[PDB]
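There are 2 protein chains.
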Amino acid sequence: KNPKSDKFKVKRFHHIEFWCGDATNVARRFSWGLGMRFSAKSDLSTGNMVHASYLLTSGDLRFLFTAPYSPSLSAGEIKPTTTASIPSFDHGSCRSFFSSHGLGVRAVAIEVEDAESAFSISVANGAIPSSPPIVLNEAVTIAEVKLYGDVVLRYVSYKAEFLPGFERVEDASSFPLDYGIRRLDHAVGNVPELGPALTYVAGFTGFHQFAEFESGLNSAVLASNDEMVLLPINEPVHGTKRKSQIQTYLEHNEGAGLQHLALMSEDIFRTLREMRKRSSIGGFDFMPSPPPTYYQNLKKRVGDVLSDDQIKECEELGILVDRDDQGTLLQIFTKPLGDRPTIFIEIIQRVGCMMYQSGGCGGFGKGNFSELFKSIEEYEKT
Amino acid sequence: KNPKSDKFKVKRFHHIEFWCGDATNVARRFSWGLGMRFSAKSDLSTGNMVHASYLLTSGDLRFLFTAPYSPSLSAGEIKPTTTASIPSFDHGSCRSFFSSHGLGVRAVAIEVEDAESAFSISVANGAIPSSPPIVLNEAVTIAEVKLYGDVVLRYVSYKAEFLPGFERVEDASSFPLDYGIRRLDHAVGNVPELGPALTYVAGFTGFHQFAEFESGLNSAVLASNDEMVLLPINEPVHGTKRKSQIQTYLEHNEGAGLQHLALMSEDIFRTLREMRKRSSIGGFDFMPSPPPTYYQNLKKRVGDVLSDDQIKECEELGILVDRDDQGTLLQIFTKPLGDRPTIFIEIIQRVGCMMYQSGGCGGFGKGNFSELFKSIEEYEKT
Ligand SMILES: Cn1c(=O)n(-c2ccccc2)c(=O)c2cc(C(=O)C3=C(O)CCCC3=O)ccc21
Ligand SMILES: Cn1c(=O)n(-c2ccccc2)c(=O)c2cc(C(=O)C3=C(O)CCCC3=O)ccc21
Ligand SMILES: [Co+2]
Ligand SMILES: [Co+2]
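If you read the sequences in order, they're chains A and B.
Under the UniProt record's numbering, the letters of the first sequence match residues 35 to 194, 201 to 253, 262 to 403, 411 to 437, in that order.
Under the UniProt record's numbering, the letters of the second sequence match residues 35 to 194, 201 to 253, 262 to 403, 411 to 437, in that order.
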């Protein structure tokens, strides 16, 4: 069931913004680890005396990395005279965010038809305002409302080059890395209480619940009209044998925040080969692979979707496979991206649901909790 | 002239500690960019609820990267019951340092015979105490005094495995990168006033002035008895045609601090080839190369030390060459390591002064200021 109840016209995920202590080092690490190209900058060299912001791109995926300069560089400025290219930025907010949460996502940005209208309608429907609509160079409008914790939902709308005041990165400094990642599939929040979080976000967006089919969590997925903007949310389940990963997140993050970003690959086997080659030379690490019993049991579940060779390719890369009633999901999870056991990345590829591919084809892999446990127990038996 | 006036027995540079917002991302970037191996850790996985610390090594060079966790993880602790492996660490100090200065060196650590004695003698001779001597697992003693700005001089002494409480990094997560860097040659501070800075540091160490032969700076070099611990200091020269790079540093750093680390390579040509291959894929960028007039003029100055081919290798890597009356210096400078125009790295290799090689052989390249300007002007002519 999809009532298509969006209260304003939503297009696609636009970008994800990380708030960092040093944007340069995080961006260079992410670029190498994920195969993303440096494509735009806003920093001292572009006249921005407030913040350093570096944009990485892979296909349609946009990762922005921002850190504050010394406030003394911009002490003479006022908001009317700011040199910040993202006028919602605040030194105190950014330092407080990073000192409280460590490295993490500050903004989940979606493109809309009219960011001023989206902001107005959202706030009229219960959204907590974060930054009012601001028109940049009469070309782009940005506005922000609170999503959960200190994460904001950022609306961006264009009249007709990432943002004004950003400069394209010289091709010498712009190496064309590409490991196959193409777009953001979903962005997942961890909260202490799922019910109130869903009521709040569904309240001001009109996003609807995307239906699913002792893991430590309850979850639900909010979706836009065409189900291309997907915002799952988790809460912990307490009193379990193994401590809930959601609760550990909430403790180390100092509360609610963004838990994982799922990045769609046009060839998850190539992406994982390339990322795994770089794990120990500056890139990202992956969770430990499931036991071979998991891939032995892969035949009876998806033996009609993947050949035995393609199943062999999954086992040597540690890829997980799940299936709903409409499609098949290939997925794998990185270890946490930074010092704290908080944010991580998921790499995914979806098989099926062609009409273009419909959003969420194959689900989100919730079945892989049970299959993992079953495999683990029956691998010990063997 | 070397009066050998050290007030306590100093051995060698031991390590450099960076205070970071996220130690993981900075360390992974530096590892790939410089060819340093992950060799030790102290973090949540080792029981440290206070800070994450990751050690990179290349030869005898030791880079430590540290960032604070949420203070809430260790709220029950007191200094007697701390789980921090570096007991001088302070959450508030670290967040204040990083919010004030951005990514940079907090500690220049030297090995001494007796860190408690070095601390006592230093403070008795005017050193401002930072962290008193603390004996770790009855095996290592660390103490800290102020050096300049918020940078500390850290004394470490061993009775007879980096520090207690650190664990060796599993060889799977430990890729044996090596681009030829072997040790720290010198560590350079920027201050507003050179005179008082030298008087202070020479006052409590007994280090002596290491003699040199409109660049925007005045400088001097303090040295230990065998001139293997080398601590240059710069001050700006104001009212110049081009703004002093020292003054720009002081402005963007919010005051005095560590300006550059010079890393000795056992083969600067291999090091630069390897680092330059990685500049645009996560590594470090280098300052723009001198014009070919510079390398044309290289024959008449060092044509007796380097062949024409080895001079050719210098021009294609952008390496600078200088000479004193005892040896020859090969050097090159990176662009700043992080967001701010503050800290950078120098790669060096020294030729001559064999007896082992004596410290500072060839000087520090101060002659390369004039040679660069001369080359620049006479390249425009050609
Ligand atoms: C098997 N499995 C898993 O093991 N971990 C895991 C990772 C690192 C450390 C420990 C556990 C996951 O996080 C994980 C996450 C998902 C997931 O993406 C997801 C959604 O997107 C939204 C609906 C709720 C949901 O479940 C699926 C399977 C997962
Ligand atoms: C030619 N040259 C240079 O161009 N820069 C530069 C770098 C980036 C941006 C602009 C200028 C330098 O920093 C630089 C530094 C040194 C140096 O190391 C040094 C010492 O170690 C101690 C004594 C004082 C001193 O000079 C030598 C030559 C240098
Ligand atoms: Co997911
Ligand atoms: Co130097």
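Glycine included, every Cβ here is placed at the ideal spot set by N, Cα and C.
Q) Are the segment 79-98 of chain A and the segment 221-237 of chain A touching by the rule of at least three beta carbon pairs closer than 8 Å? A) yes
Q. So which residues of chain B does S65/A contact, with C-beta pairs closer than 8 Å?
A. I329, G330
Q: Inspect the beta-carbon positions of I176/A and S127/A and report whether they are closer than 8 Å.
A: no
(Q) Can you pull the chain B neighbours of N159/A, defined as C-beta to C-beta under 9 Å? (A) Going along chain B, no residue has its Cβ under 9 Å from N159/A, so there is no contact; the nearest lies around 34 Å.
(Q) Strictly below 8 Å CB to CB, what residues from chain A border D387/B? (A) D56, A57, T58, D77, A86, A101, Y103
Q) Could you give the C-beta distance for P384/B and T376/B, rounded to a whole number, given that I count them as a contact under 8 Å? A) Incorrect: roughly 27 Å between the Cβ atoms, too far for contact.
Q. When the distance is taken between beta carbons, is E252/A closer than 8 Å to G418/A?
A. yes
**Q.** Residue range of the alpha helix (DSSP H) that includes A57/A
**A.** 57-68
Q. Can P340/A and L427/A be called in contact, C-beta distance under 8 Å?
A. no
(Q) Considering only the alpha carbon of each residue, which of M335/B, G422/B, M83/B lies closest to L346/B? (A) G422/B
Q.
If you reduce the DSSP assignment to three classes, tell me which class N273/B lands in.
A. coil
Q) How about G229/A and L306/A: are their beta carbons less than 8 Å apart? A) yes
Q | Where the segment 272-302 of chain B meets chain A: residues whose CB sits under 7 Å from a CB there | A | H300, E302
(Q) Within a Cβ cutoff of 8 Å, which residues of the same chain sit near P204/A, ignoring the five residues on either side of it in sequence? (A) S119, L170, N171, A173, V174
**Q.** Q344/B, enclosing alpha helix (DSSP H) - first and last residue
**A.** 340-344
Q. Got a sec: is the Cβ-Cβ distance from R62/B to anything in chain A below 8 Å?
A. yes
**Q.** Contact residues within the segment 214-225 of chain B, judged by C-beta distance below 9 Å to chain A
**A.** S214, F215, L217
Q) Which residue comes first and which comes last in the alpha helix (DSSP H) that contains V241/A? A) 234-245
Q) So, does the CB of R349/A fall closer than 8 Å to a CB anywhere in chain B? A) no
Q: Using a Cβ-Cβ cut-off of 8 Å, state whether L137/A counts as contacting chain B.
A: yes
Q. In three-state terms, what does DSSP make of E201/A?
A. coil
Q | Pair within 8 Å by beta-carbon distance, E207/B and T115/B | A | no
Q. Nearest chain A C-beta to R324/B closer than 8 Å, yes or no?
A. no
Q: Report whether the distance from the Cβ of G138/A to the nearest heavy atom of ligand 1 is below 7 Å.
A: no
(Q) Can you confirm whether the segment 297-315 of chain A touches the segment 229-238 of chain A when touching is taken to mean that 3 or more C-beta pairs between the two stretches lie within less than 8 Å? (A) yes
Q: Run down chain B in chain order and give the residues with a C-beta less than 7 Å from the C-beta of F132/A.
A: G55
Q) List, in order along the chain, the chain A residues whose C-beta lies closer than 7 Å to that of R129/B? A) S133
Q) With 8 Å set as the bound, which would you pick, yes or no: does the beta-carbon of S92/B sit closer than that to a beta-carbon of chain A? A) no
(Q) With a threshold of 7 Å (Cβ to nearest heavy atom), would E283/B be considered close to ligand 4? (A) no
Q.
Is any non-hydrogen atom of ligand 4 found closer than 7 Å to the C-beta of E363/B, if you look at the structure I gave you?
A. no
Q | Three CB pairs or more closer than 8 Å across the segment 55-75 of chain A and the segment 177-192 of chain A | A | no
Q.
Is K429/B a contact residue of ligand 2, with contact defined as CB to any heavy atom under 7 Å?
A. no
(Q) I want to check one thing, is the minimum distance from the CB of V269/A to the heavy atoms of ligand 1 below 7 Å? (A) yes
(Q) Run the Cβ filter for me: residues under 5 Å from any heavy atom of ligand 4, listed in the order they occur in the chain. (A) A310/B, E394/B, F419/B
Q.
List, in chain order, every chain A residue whose beta-carbon is nearer than 8 Å to that of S106/B.
A. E299, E302
**Q.** contact_flag[the segment 348-364 of chain A, the segment 270-288 of chain A] where n(CB pairs < 8 Å) is 3 or more
**A.** no
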